[PDB]
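Per PDB author numbering, the sequence shown starts with residue -4, numbered consecutively.
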Amino acid sequence: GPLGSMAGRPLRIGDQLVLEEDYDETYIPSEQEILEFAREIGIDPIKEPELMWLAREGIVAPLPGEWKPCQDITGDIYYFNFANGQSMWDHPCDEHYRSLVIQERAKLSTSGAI
């Protein structure tokens, strides 16, 4: 026996399929694509153009250097942090941009947001 903590962890090859491969940094998004990320992250860009400067940077921004997508053995896609050893079911940068929009909106509205 191990006479302490056991290391008999499960293994699979389907759990090794990482989806991070290509990304472009220099491309410029169209106004229709900036409006699409603004509407997707919860913004009304017709009345909230500050939160849409946030969305312009939003659509071009990549994931942090420790986080990347991978395949789960049930046949599904998820996100994993390789420095902390943590999983997520939504994009870490997308969840960050929603939180950043909400906090910027609360500051611009001086806690009187609607």
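For every residue, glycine included, the Cβ atom is placed at its ideal position computed from N, Cα and C.
Residue pairing of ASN79 in beta bridges, as defined by DSSP: absent, with no partner found. For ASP89, no beta strand (DSSP E) run applies; the uninterrupted alpha helix (DSSP H) run containing it begins and ends at 87 to 103, by DSSP. Per DSSP, the beta bridge partners of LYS63 are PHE75. Close CB contacts of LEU14 within its chain, under the 6 Å cut and outside five residues either way in sequence, are with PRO64 (chain order).
Under the criterion of beta carbons closer than 8 Å, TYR22 and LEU49 do not qualify as touching, at roughly 18 Å. The beta carbon of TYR74 is closer than 8 Å to those of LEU58, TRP62, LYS63, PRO64, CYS65, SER82, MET83, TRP84, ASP85, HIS86, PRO87 in its chain, skipping five residues each way along the sequence. For a cut-off of 8 Å, the C-beta gap from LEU103 to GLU45 is around 6 Å, short enough to register as a contact. Straight-line measurement puts the Cα of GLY37 at about 29 Å from the Cα of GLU16.
The straight-line gap separating the alpha-carbon atoms of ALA78 and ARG4 is approximately 19 Å.
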